[PDB]
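Neighbour counts run over all protein chains shown; Cβ positions are idealised from the backbone, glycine included. Readers should treat all values here as calculations from the given coordinates under stated rules, not as data from a laboratory.
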């Protein structure tokens, strides 16, 4: 909804904004993540701050600024989860050579 924390800047995003003027655009339908990973173990968000997902859930890493914790999405749901509870899917682009 709004800015929750201001003083503490532990985690920082990786998005660069070069727009001049009134930048008021509704959430864009198209998003460009950084990578795609899969849940290794059913993760249960202790609170609304974390992301609640199961083993083999669709998680698209968008910001991995933290080598310990990563951020992904699931069915239009964004949260926070450790980079240790996911394994790079490495989705291959194209069928095997044959």
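Can you find even one residue in the range 4-19 that is touching a residue at least 12 places away in the same chain (Cβ under 8 Å) and more than 16 Å from the chain's Cα centre (by Cα)? Within the range 4-19, none of the residues are touching a residue at least 12 places away in the same chain (Cβ under 8 Å) and more than 16 Å from the chain's Cα centre (by Cα).
On inspection, residue 24 does not qualify as in contact with a strand residue (DSSP E or B) (Cβ under 9 Å, 6 or more places away or on another chain), part of a loop (DSSP other than H, G, I, E, B) and surrounded by fewer than 10 Cβ atoms within 10 Å (Cβ to Cβ). Applying the condition of being within 16 Å of residue 11 (Cβ to Cβ) and without any contact (Cβ under 8 Å) to a residue 24 or more places away in the chain to the range 54-81 and asking which residue is surrounded by the most Cβ atoms within 10 Å (Cβ to Cβ) yields 71. In this structure, does residue 87 turn out to be over 13 Å from the mean Cα position of the chain (by Cα), exposed (fewer than 15 other Cβ atoms within 10 Å of the Cβ) and within 16 Å of residue 34 (Cβ to Cβ)? So residue 87 passes the test. Across the range 37-53, the number of residues qualifying as out of contact with any strand residue (DSSP E or B) (no Cβ under 7 Å at 6 or more places or on another chain) and within 28 Å of residue 3 (Cα to Cα) comes to 7.
Residue 56: part of a loop (DSSP other than H, G, I, E, B) and out of contact with any strand residue (DSSP E or B) (no Cβ under 8 Å at 6 or more places or on another chain), yes or no?
no
Taken together, the residues in the range 70-87 that are within 22 Å of residue 1 (Cα to Cα) and either assigned to a strand (DSSP E or B) or touching a helix residue (DSSP H, G or I) at 6+ places or on another chain (Cβ under 6 Å) (or both) amount to 5.
Which ones in the range 34-51 are touching a residue at least 40 places away in the same chain (Cβ under 8 Å), surrounded by 14 or more Cβ atoms within 10 Å (Cβ to Cβ) and part of a loop (DSSP other than H, G, I, E, B)?
Once the filter is applied, which keeps residues that are touching a residue at least 40 places away in the same chain (Cβ under 8 Å), surrounded by 14 or more Cβ atoms within 10 Å (Cβ to Cβ) and part of a loop (DSSP other than H, G, I, E, B), the range 34-51 yields only 43.
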